[PDB]
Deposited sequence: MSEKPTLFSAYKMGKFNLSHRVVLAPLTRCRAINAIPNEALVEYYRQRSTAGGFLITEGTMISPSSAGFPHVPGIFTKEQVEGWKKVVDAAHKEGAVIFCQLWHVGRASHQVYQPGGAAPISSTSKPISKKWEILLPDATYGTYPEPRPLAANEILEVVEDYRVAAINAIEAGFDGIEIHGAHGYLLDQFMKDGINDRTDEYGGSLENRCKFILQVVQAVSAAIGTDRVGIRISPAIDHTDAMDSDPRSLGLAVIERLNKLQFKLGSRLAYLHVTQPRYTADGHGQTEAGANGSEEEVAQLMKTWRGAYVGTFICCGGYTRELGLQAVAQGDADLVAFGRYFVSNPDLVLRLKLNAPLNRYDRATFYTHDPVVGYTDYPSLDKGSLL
């Protein structure tokens, strides 16, 4: 009988419990190289048969939209990741690298040559949102440059290469970051995508880019090593869709069709709970899970009780935790014990110290 703490076969991989480390950007990978701080951070959070998803990891120089986030497009970066992955595996973890391109959610200071960030559109994120800059001030999101069709294929290739590099580093698989208003979401969401070509308009056209990515990374490393993350019901950085239910089902129908065509299942579908800044929200997530053929990871506001309930009721197979994992390196143990959870200090979510607010939250002895 499925519970939050029971084993699960995630296709190729065996898990011993259903508690997942959600992907969390933390900005400790100085100059984009995974380092000793990241090794300790993921090692602290590793459990035997526990699934870990890394922080968003750059697939290219133009991918950058936060300071000191890791990449996986150079040999130096891959060598850094090897040390992280080896340590996690020594603890018996299964670990996926999240492949991340921010699209228009960037700034000239992050872009090679100070070029404009790339996107589906020329429309910037509106001024009511600001971007954290490398000098600890907040700046304005600039006007992005809309990709030409040939250029989109180049980014698909960047994803493909990043997936190969992740496997070279020893990762068990990768997660495609298709959520939270970043590049792939800038194509999916009709509040952003104003294109009139083959990548704009219909749900078919809007889902084209992310499906090309899923197809490319699956070709590179296998369907069973690929997860995909989406967030159809949000408004973060103006990433709204007029019909989140249908958008989510459109992605899911295409994932299902691809699985049927290729003859195998993706590792999982990962969806974050609707959020704009409640029971319809609950039902939406159940509708999406019900439609997807395969493993479903839920995330967003889950607690010990909500997580137990999600797995017991069949609403999800795995439950991811973000903010609680920041402050509770041994979150799985704490959940198993119903121990109090350490409060997290949001002030150090995105600072760059390898210890302070990163690896110095205590575990239980």
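(request) Mind pulling out the bits of the deposited sequence that never got modelled, as residue ranges from 1? (result) No C-alpha for residues 1-3, 281-294, 383-387.
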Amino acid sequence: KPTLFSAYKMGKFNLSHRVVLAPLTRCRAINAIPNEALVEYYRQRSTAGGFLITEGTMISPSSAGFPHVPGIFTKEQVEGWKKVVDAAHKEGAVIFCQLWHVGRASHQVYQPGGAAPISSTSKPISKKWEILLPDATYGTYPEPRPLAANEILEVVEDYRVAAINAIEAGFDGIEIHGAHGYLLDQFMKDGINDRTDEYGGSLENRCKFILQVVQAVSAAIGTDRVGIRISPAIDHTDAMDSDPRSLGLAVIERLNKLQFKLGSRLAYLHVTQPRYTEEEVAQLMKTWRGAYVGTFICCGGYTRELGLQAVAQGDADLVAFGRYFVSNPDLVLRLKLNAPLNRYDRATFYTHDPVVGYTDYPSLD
From here on, numbers count along this sequence of modelled residues.
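(message) Regarding 319-327 and 297-305, which shows the higher C-alpha temperature factor on average in the entry?
(response) Taking the mean C-alpha B-factor of 319-327 and of 297-305, the larger value falls to 297-305.
(request) Output the stretch having the higher mean C-alpha B factor in the entry; the candidates are 169-177 and 106-114. (result) If you average the C-alpha B-factors of 169-177 and of 106-114, the larger mean comes out for 106-114.
(message) Quiz for you: based on the deposited Cα B-factor, which of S231, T137, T121, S218 is highest?
(response) Going by the entry's C-alpha B-factors, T121 comes out highest.
(request) Would you mind finding, among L132, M240, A88, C97, the residue with the largest C-alpha temperature factor in the entry? (result) In this record, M240 carries the highest C-alpha B-factor of the candidates.
(request) Divide the modelled residues of the chain into thirds by Cα B-factor and specify which third, lowest, middle or highest, holds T25. (result) Bottom third by C-alpha B-factor.
(message) Considering every modelled residue of the chain and its Cα B-factor in the PDB entry, is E151 in the lowest, middle or highest third?
(response) Highest third of the chain for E151's C-alpha B-factor.
(message) Splitting the chain's C-alpha B-factors into thirds, which one does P67 fall into?
(response) It belongs to the middle third of the chain when residues are ordered by C-alpha B-factor.
(message) By the recorded C-alpha temperature factor, relative to the other modelled residues in its chain, which third is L266 in?
(response) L266: CA B-factor falls in the middle third of its chain.
(request) Comparing against every modelled residue in the chain, figure out the third that the C-alpha B-factor of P244 lands in (lowest, middle or highest). (result) Its C-alpha B-factor, which the entry lists for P244, ranks in the highest third among residues of this chain.
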